[PDB]
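Peer 1: Data file model.cif (mmCIF, C-alpha atoms) is appended below.
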```cif
data_data
#
loop_
_atom_site.label_atom_id
_atom_site.label_comp_id
_atom_site.auth_asym_id
_atom_site.auth_seq_id
_atom_site.Cartn_x
_atom_site.Cartn_y
_atom_site.Cartn_z
CA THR O 2 4.77 -5.85 0.80
CA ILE O 3 4.85 -4.20 -2.63
CA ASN O 4 1.07 -4.47 -2.59
CA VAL O 5 -1.47 -3.28 -5.16
CA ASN O 6 -5.05 -3.29 -3.84
CA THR O 7 -4.11 -1.32 -0.70
CA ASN O 8 -1.80 1.66 -0.14
CA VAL O 9 -1.58 2.28 3.60
CA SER O 10 1.16 4.91 3.32
CA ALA O 11 -0.97 6.85 0.84
CA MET O 12 -3.87 6.65 3.30
CA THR O 13 -1.75 8.13 6.11
CA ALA O 14 -0.52 10.84 3.75
CA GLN O 15 -4.12 11.65 2.81
CA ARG O 16 -5.16 11.84 6.46
CA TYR O 17 -2.33 14.20 7.35
CA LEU O 18 -2.97 16.32 4.25
CA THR O 19 -6.61 16.60 5.32
CA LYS O 20 -5.58 17.66 8.82
CA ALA O 21 -3.20 20.26 7.39
CA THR O 22 -5.87 21.59 5.03
CA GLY O 23 -8.42 21.86 7.83
CA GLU O 24 -5.98 23.74 10.04
CA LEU O 25 -5.08 25.98 7.09
CA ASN O 26 -8.73 26.82 6.45
CA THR O 27 -9.34 27.57 10.13
CA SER O 28 -6.28 29.83 10.26
CA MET O 29 -7.33 31.58 7.05
CA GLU O 30 -10.78 32.24 8.51
CA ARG O 31 -9.31 33.60 11.74
CA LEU O 32 -6.98 35.86 9.74
CA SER O 33 -9.67 37.19 7.40
CA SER O 34 -12.44 37.78 9.93
CA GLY O 35 -10.18 39.31 12.58
CA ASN O 36 -11.83 37.32 15.38
CA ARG O 37 -10.34 34.13 16.82
CA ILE O 38 -13.72 32.62 17.77
CA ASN O 39 -16.25 32.78 14.93
CA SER O 40 -18.14 29.56 15.72
CA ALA O 41 -18.81 27.71 18.95
CA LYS O 42 -16.48 24.91 17.82
CA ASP O 43 -13.45 27.16 18.25
CA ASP O 44 -14.36 27.79 21.89
CA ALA O 45 -17.56 27.34 23.90
CA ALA O 46 -16.80 29.16 27.16
CA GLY O 47 -14.69 31.66 25.24
CA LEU O 48 -17.59 32.43 22.92
CA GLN O 49 -20.04 32.75 25.81
CA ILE O 50 -17.86 35.15 27.81
CA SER O 51 -16.97 37.13 24.69
CA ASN O 52 -20.65 37.55 23.79
CA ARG O 53 -21.44 38.69 27.33
CA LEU O 54 -18.59 41.21 27.26
CA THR O 55 -19.63 42.55 23.85
CA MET U 1 8.72 -53.64 -6.33
CA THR U 2 10.52 -51.27 -8.73
CA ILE U 3 9.52 -52.71 -12.13
CA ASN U 4 7.50 -50.14 -14.07
CA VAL U 5 6.50 -50.08 -17.73
CA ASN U 6 7.84 -46.50 -18.13
CA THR U 7 5.33 -46.06 -20.99
CA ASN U 8 1.97 -46.00 -19.15
CA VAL U 9 3.47 -45.42 -15.68
CA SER U 10 6.27 -42.92 -16.21
CA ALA U 11 3.79 -41.14 -18.47
CA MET U 12 1.19 -41.15 -15.68
CA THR U 13 3.56 -39.67 -13.10
CA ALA U 14 4.80 -37.07 -15.59
CA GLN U 15 1.19 -36.15 -16.39
CA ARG U 16 0.32 -35.84 -12.70
CA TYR U 17 3.32 -33.60 -12.03
CA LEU U 18 2.55 -31.49 -15.10
CA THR U 19 -1.10 -31.12 -14.06
CA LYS U 20 -0.06 -30.05 -10.56
CA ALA U 21 2.36 -27.52 -12.03
CA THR U 22 -0.26 -26.15 -14.42
CA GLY U 23 -2.85 -25.83 -11.67
CA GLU U 24 -0.38 -24.02 -9.43
CA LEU U 25 0.57 -21.73 -12.32
CA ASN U 26 -3.07 -20.92 -13.09
CA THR U 27 -3.79 -20.15 -9.43
CA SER U 28 -0.70 -17.93 -9.29
CA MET U 29 -1.77 -16.13 -12.47
CA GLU U 30 -5.21 -15.54 -10.96
CA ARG U 31 -3.63 -14.20 -7.77
CA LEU U 32 -1.35 -11.88 -9.75
CA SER U 33 -4.11 -10.53 -12.01
CA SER U 34 -6.64 -10.07 -9.21
CA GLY U 35 -4.29 -8.57 -6.61
CA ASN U 36 -5.81 -10.70 -3.82
CA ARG U 37 -4.32 -13.88 -2.38
CA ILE U 38 -7.73 -15.25 -1.39
CA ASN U 39 -10.15 -15.39 -4.33
CA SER U 40 -12.50 -18.07 -2.97
CA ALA U 41 -13.36 -19.93 0.21
CA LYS U 42 -11.23 -22.84 -1.03
CA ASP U 43 -7.94 -20.93 -0.76
CA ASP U 44 -8.45 -19.84 2.86
CA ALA U 45 -11.61 -20.14 4.95
CA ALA U 46 -10.82 -18.31 8.20
CA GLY U 47 -8.73 -15.72 6.38
CA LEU U 48 -11.56 -15.06 3.94
CA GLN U 49 -14.04 -14.71 6.80
CA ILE U 50 -11.91 -12.22 8.72
CA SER U 51 -11.10 -10.25 5.57
CA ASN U 52 -14.80 -10.03 4.70
CA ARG U 53 -15.54 -8.84 8.23
CA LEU U 54 -12.82 -6.18 8.03
CA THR U 55 -14.08 -4.95 4.65
CA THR D 2 -4.04 -29.85 -18.43
CA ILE D 3 -2.80 -28.39 -21.74
CA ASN D 4 -6.17 -28.57 -23.49
CA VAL D 5 -6.25 -25.80 -26.11
CA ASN D 6 -10.03 -25.52 -26.60
CA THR D 7 -10.50 -23.18 -23.63
CA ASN D 8 -8.17 -21.67 -21.01
CA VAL D 9 -10.02 -20.40 -17.94
CA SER D 10 -7.02 -18.32 -16.84
CA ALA D 11 -7.49 -16.18 -19.95
CA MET D 12 -11.12 -15.49 -19.05
CA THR D 13 -10.17 -14.63 -15.47
CA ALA D 14 -7.45 -12.25 -16.65
CA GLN D 15 -9.84 -10.62 -19.11
CA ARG D 16 -12.52 -10.18 -16.45
CA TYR D 17 -10.16 -8.56 -13.96
CA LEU D 18 -8.67 -6.38 -16.71
CA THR D 19 -12.18 -5.24 -17.64
CA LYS D 20 -12.95 -4.42 -14.00
CA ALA D 21 -9.71 -2.45 -13.74
CA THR D 22 -10.44 -0.56 -16.97
CA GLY D 23 -13.97 0.26 -15.83
CA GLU D 24 -12.68 1.65 -12.55
CA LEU D 25 -10.00 3.55 -14.48
CA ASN D 26 -12.64 5.14 -16.71
CA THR D 27 -14.75 6.04 -13.68
CA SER D 28 -11.75 7.63 -11.96
CA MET D 29 -10.84 9.56 -15.11
CA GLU D 30 -14.40 10.86 -15.42
CA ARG D 31 -14.45 11.87 -11.75
CA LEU D 32 -11.12 13.69 -12.08
CA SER D 33 -12.14 15.53 -15.25
CA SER D 34 -15.64 16.53 -14.14
CA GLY D 35 -14.66 17.49 -10.60
CA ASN D 36 -17.89 15.99 -9.22
CA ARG D 37 -17.63 12.63 -7.47
CA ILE D 38 -21.28 12.06 -8.45
CA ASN D 39 -21.97 12.16 -12.19
CA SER D 40 -24.84 9.70 -12.69
CA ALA D 41 -27.65 8.13 -10.70
CA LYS D 42 -25.89 4.77 -10.96
CA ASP D 43 -23.07 6.05 -8.73
CA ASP D 44 -25.06 6.82 -5.57
CA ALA D 45 -28.74 7.79 -5.71
CA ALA D 46 -29.17 9.33 -2.26
CA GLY D 47 -26.04 11.45 -2.55
CA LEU D 48 -27.12 12.71 -5.96
CA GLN D 49 -30.57 13.65 -4.65
CA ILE D 50 -29.29 15.49 -1.58
CA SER D 51 -26.54 17.25 -3.53
CA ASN D 52 -28.96 18.41 -6.23
CA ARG D 53 -31.32 19.72 -3.55
CA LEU D 54 -28.46 21.58 -1.86
CA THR D 55 -27.30 23.11 -5.16
CA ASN V 326 -23.55 32.50 5.98
CA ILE V 327 -26.15 29.83 5.20
CA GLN V 328 -25.01 29.75 1.57
CA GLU V 329 -21.40 29.28 2.66
CA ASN V 330 -22.36 26.37 4.92
CA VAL V 331 -24.58 24.79 2.26
CA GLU V 332 -21.85 25.10 -0.38
CA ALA V 333 -19.35 23.51 2.00
CA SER V 334 -21.65 20.54 2.59
CA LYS V 335 -22.52 20.27 -1.10
CA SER V 336 -18.84 20.20 -2.03
CA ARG V 337 -18.14 17.60 0.65
CA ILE V 338 -20.91 15.27 -0.54
CA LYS V 339 -20.47 15.94 -4.27
CA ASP V 340 -17.09 17.51 -5.04
CA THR V 341 -14.33 14.92 -5.26
CA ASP V 342 -11.26 14.91 -3.02
CA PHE V 343 -8.44 14.94 -5.54
CA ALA V 344 -6.01 13.07 -3.29
CA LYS V 345 -8.21 9.98 -2.95
CA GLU V 346 -9.28 9.95 -6.59
CA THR V 347 -5.76 10.48 -7.95
CA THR V 348 -4.56 7.61 -5.77
CA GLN V 349 -7.41 5.48 -7.12
CA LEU V 350 -6.54 6.49 -10.69
CA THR V 351 -2.90 5.49 -10.27
CA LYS V 352 -3.89 2.20 -8.65
CA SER V 353 -6.28 1.45 -11.51
CA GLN V 354 -3.60 2.32 -14.07
CA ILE V 355 -1.14 -0.06 -12.43
CA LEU V 356 -3.81 -2.76 -12.20
CA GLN V 357 -4.55 -2.37 -15.92
CA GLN V 358 -0.86 -2.66 -16.80
CA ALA V 359 -0.51 -5.75 -14.61
CA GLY V 360 -3.58 -7.23 -16.28
CA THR V 361 -2.14 -6.67 -19.75
CA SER V 362 1.18 -8.21 -18.74
CA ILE V 363 -0.53 -11.24 -17.20
CA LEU V 364 -2.78 -11.64 -20.24
CA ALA V 365 0.23 -11.53 -22.57
CA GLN V 366 2.00 -14.14 -20.45
CA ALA V 367 -1.09 -16.36 -20.27
CA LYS V 368 -2.08 -16.22 -23.95
CA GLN V 369 1.22 -17.63 -25.26
CA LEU V 370 2.26 -20.26 -22.71
CA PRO V 371 -0.81 -22.57 -22.69
CA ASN V 372 -1.50 -22.64 -26.42
CA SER V 373 2.22 -22.99 -27.14
CA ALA V 374 2.81 -25.85 -24.68
CA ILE V 375 0.54 -28.33 -26.48
CA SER V 376 1.99 -27.35 -29.86
CA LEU V 377 5.45 -27.97 -28.41
CA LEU V 378 4.38 -31.42 -27.22
CA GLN V 379 3.17 -32.35 -30.72
CA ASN F 326 -7.57 6.35 12.04
CA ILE F 327 -9.47 3.12 12.70
CA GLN F 328 -10.23 2.83 8.98
CA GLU F 329 -6.54 3.20 8.13
CA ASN F 330 -5.59 0.50 10.65
CA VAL F 331 -8.36 -1.80 9.41
CA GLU F 332 -7.15 -1.38 5.84
CA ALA F 333 -3.61 -2.21 6.95
CA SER F 334 -4.80 -5.39 8.66
CA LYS F 335 -6.96 -6.40 5.68
CA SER F 336 -3.99 -5.93 3.36
CA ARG F 337 -1.94 -8.09 5.73
CA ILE F 338 -4.54 -10.86 5.56
CA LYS F 339 -5.78 -10.67 1.94
CA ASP F 340 -3.85 -8.39 -0.40
CA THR F 341 -1.36 -10.13 -2.68
CA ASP F 342 2.35 -10.12 -1.81
CA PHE F 343 3.65 -9.51 -5.31
CA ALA F 344 7.29 -10.10 -4.36
CA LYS F 345 6.41 -13.66 -3.35
CA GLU F 346 3.80 -14.28 -6.04
CA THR F 347 5.87 -13.28 -9.07
CA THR F 348 8.59 -15.65 -7.87
CA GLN F 349 5.98 -18.37 -7.42
CA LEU F 350 4.69 -17.76 -10.95
CA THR F 351 8.19 -18.00 -12.41
CA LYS F 352 8.92 -21.18 -10.45
CA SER F 353 5.69 -22.76 -11.68
CA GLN F 354 6.50 -21.73 -15.26
CA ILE F 355 9.96 -23.29 -15.01
CA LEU F 356 8.52 -26.47 -13.49
CA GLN F 357 5.94 -26.79 -16.27
CA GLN F 358 8.59 -26.19 -18.93
CA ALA F 359 10.77 -28.90 -17.40
CA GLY F 360 7.79 -31.25 -17.22
CA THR F 361 6.91 -30.77 -20.88
CA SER F 362 10.55 -31.13 -21.93
CA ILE F 363 10.86 -34.38 -19.98
CA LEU F 364 7.57 -35.68 -21.38
CA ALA F 365 8.83 -35.02 -24.90
CA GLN F 366 12.27 -36.51 -24.20
CA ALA F 367 10.77 -39.68 -22.73
CA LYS F 368 7.99 -41.70 -24.34
CA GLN F 369 9.67 -41.04 -27.72
CA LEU F 370 13.21 -42.46 -27.55
CA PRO F 371 12.73 -45.07 -24.79
CA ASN F 372 9.29 -46.06 -26.10
CA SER F 373 10.69 -46.41 -29.62
CA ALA F 374 13.55 -48.49 -28.17
CA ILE F 375 11.33 -51.53 -27.52
CA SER F 376 10.41 -51.44 -31.22
CA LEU F 377 13.46 -50.36 -33.25
CA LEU F 378 15.29 -53.61 -32.43
CA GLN F 379 12.23 -55.80 -33.11
#
```
Using the file provided, produce a representation of the structure as structure tokens.

Peer 2:
Amino acid sequence: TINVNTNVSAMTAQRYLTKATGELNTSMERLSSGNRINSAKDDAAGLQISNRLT
Amino acid sequence: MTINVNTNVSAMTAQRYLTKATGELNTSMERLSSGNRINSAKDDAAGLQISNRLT
Amino acid sequence: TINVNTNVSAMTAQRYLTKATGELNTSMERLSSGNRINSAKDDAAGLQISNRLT
Amino acid sequence: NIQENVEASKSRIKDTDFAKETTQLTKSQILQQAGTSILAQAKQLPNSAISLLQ
Amino acid sequence: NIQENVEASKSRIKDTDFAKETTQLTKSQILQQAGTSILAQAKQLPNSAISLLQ
């Protein structure tokens, strides 16, 4: 309690900020490109079927 | 018995208590400056081992 | 005891203060530069790979 | 596309994450202040105790 | 997540509890001051007692 060498709350805040930033970047990419699935990570089966349909 | 010189006996007990207090104070100062309770194997063996493993 | 010739606590405090100040300087340099890696002493492999990528 | 990916990886390896480094900077600042306070406390008490005894 | 939890546990086991330790420091300081005051008080008046009347 009232520690110095470790700040667990700051670590959790950093983790959640990183998650928010990652989601923000993904959303920004999806907005700019105009496609929801730009890389296989977004969706595997979705990407496959979309490529076949295109 | 209870007969003591109070010159070279009371002085000895006072010196022992003062040395204990000074050692405790120095250890506490080390722990405050360093930010870690355990600074050597002497302070805590198992705790030091587990903390090293976690780090 | 109260020997005045040498106080080990002073040396310990000075050593930990020096460590803290060194880490403070490193953090300041990292914040100002913007690059986590600024010398080979920091991390050799990371510096090599990052230079190659740049 | 390859340049975008390479720049992303280069930034991740090299570019600093300001959250972590700012947290480290604040922690180091506080550690330095604590060190100075402890050093001030520890310089005066031991030397002064023996002089008081005399 | 595992790193955050590990850091929390390590802080539990190792990191200093300043609230307790500052109080311990002050208690030790008070005890040493009392010890020195008692050492000065004694060994001067009572010791001199066995001589002033002789």

Peer 1: To test your reading of the syntax: which residues would the PyMOL selection byres ((chain V) within 10 of (chain O)) return for the file shown? Reply as a PyMOL selection string.

Peer 2: chain V and resi 342-345+348-349+352-353+355-356+359

Peer 1: Would you write out those residues with C-alpha atoms, as a PDB file, keeping the file's coordinate frame?

Peer 2:
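That gives us selection.pdb:
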```pdb
ATOM      1  CA  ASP V 342     -11.260  14.910  -3.020  1.00  0.00           C
ATOM      2  CA  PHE V 343      -8.440  14.940  -5.540  1.00  0.00           C
ATOM      3  CA  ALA V 344      -6.010  13.070  -3.290  1.00  0.00           C
ATOM      4  CA  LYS V 345      -8.210   9.980  -2.950  1.00  0.00           C
ATOM      5  CA  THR V 348      -4.560   7.610  -5.770  1.00  0.00           C
ATOM      6  CA  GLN V 349      -7.410   5.480  -7.120  1.00  0.00           C
ATOM      7  CA  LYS V 352      -3.890   2.200  -8.650  1.00  0.00           C
ATOM      8  CA  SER V 353      -6.280   1.450 -11.510  1.00  0.00           C
ATOM      9  CA  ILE V 355      -1.140  -0.060 -12.430  1.00  0.00           C
ATOM     10  CA  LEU V 356      -3.810  -2.760 -12.200  1.00  0.00           C
ATOM     11  CA  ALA V 359      -0.510  -5.750 -14.610  1.00  0.00           C
TER      12      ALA V 359
END
```

Peer 1: Under the PyMOL selection byres ((chain F) within 8 of (chain U)), which residues of this model are included? Write them out as a list in words.

Peer 2: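 Evaluating the PyMOL selection byres ((chain F) within 8 of (chain U)) on this file yields residues 331, 332, 335, 338, 339, 340, 341, 342, 343, 346, 347, 349, 350, 353, 354, 356, 357, 360, 361, 363, 364, 368 and 372 of chain F.
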
Peer 1: Expressed in Å to a single decimal, how great is the separation between CA of residue 40 (chain D) and CA of residue 27 (chain D)?

Peer 2: 10.8 Å

Peer 1: Tell me, how big is the Cα RMSD between chain D and chain O, fit done by least squares on all Cα paired in order?

Peer 2: 0.4 Å

Peer 1: For region 41-52 of chain D, work out the shell of residues within 9 Å, counting only C-alpha atoms and skipping chain neighbours fewer than 2 positions away, then give it as an NGL selection string.

Peer 2: (:D and (37-39 or 54-55)) or (:V and (334-336 or 338-339))

Peer 1: Write the residues you've just listed into a file as a CSV table (one decimal), keeping the file's coordinate frame, and include C-alpha atoms for each of them.

Peer 2:
```csv
chain,number,residue,atom,x,y,z
D,37,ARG,CA,-17.6,12.6,-7.5
D,38,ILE,CA,-21.3,12.1,-8.4
D,39,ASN,CA,-22.0,12.2,-12.2
D,54,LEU,CA,-28.5,21.6,-1.9
D,55,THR,CA,-27.3,23.1,-5.2
V,334,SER,CA,-21.6,20.5,2.6
V,335,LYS,CA,-22.5,20.3,-1.1
V,336,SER,CA,-18.8,20.2,-2.0
V,338,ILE,CA,-20.9,15.3,-0.5
V,339,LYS,CA,-20.5,15.9,-4.3
```

Peer 1: Mind giving me the straight-line distance from CA of residue 379 (chain V) to CA of residue 9 (chain U) in Å, one decimal?

Peer 2: 19.9 Å

Peer 1: To one decimal place, how far is CA of residue 4 (chain U) from CA of residue 370 (chain F) in Å?

Peer 2: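 Rounded to one decimal, the two atoms are 16.5 Å apart.
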
Peer 1: Expand the PyMOL selection byres ((chain V) within 12 of (chain F)) into the individual residues it matches in the shown file, reporting them as number ranges by chain.

Peer 2: V: 359, 362-363, 366-367, 370-371, 373-379

Peer 1: Restrict the selected residues to C-alpha atoms and save them as a short mmCIF file (atom, residue, chain, number, x, y, z; two decimals), keeping the file's coordinate frame.

Peer 2:
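Output saved as out_39.cif:
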```cif
data_model
loop_
_atom_site.label_atom_id
_atom_site.label_comp_id
_atom_site.auth_asym_id
_atom_site.auth_seq_id
_atom_site.Cartn_x
_atom_site.Cartn_y
_atom_site.Cartn_z
CA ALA V 359 -0.51 -5.75 -14.61
CA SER V 362 1.18 -8.21 -18.74
CA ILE V 363 -0.53 -11.24 -17.20
CA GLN V 366 2.00 -14.14 -20.45
CA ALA V 367 -1.09 -16.36 -20.27
CA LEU V 370 2.26 -20.26 -22.71
CA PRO V 371 -0.81 -22.57 -22.69
CA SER V 373 2.22 -22.99 -27.14
CA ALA V 374 2.81 -25.85 -24.68
CA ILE V 375 0.54 -28.33 -26.48
CA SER V 376 1.99 -27.35 -29.86
CA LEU V 377 5.45 -27.97 -28.41
CA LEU V 378 4.38 -31.42 -27.22
CA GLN V 379 3.17 -32.35 -30.72
#
```

Peer 1: Select, as a PyMOL selection string, those residues of chain D with any atom no more than 7 Å from chain U (distances computed using all atoms listed in the file).

Peer 2: chain D and resi 2+10+13-14+17

Peer 1: Could you check which of D:26, D:21, D:32, D:3 is closest to chain O, using all atoms listed in the file?

Peer 2: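 Using all atoms listed in the file, the shortest distance to chain O belongs to D:21.
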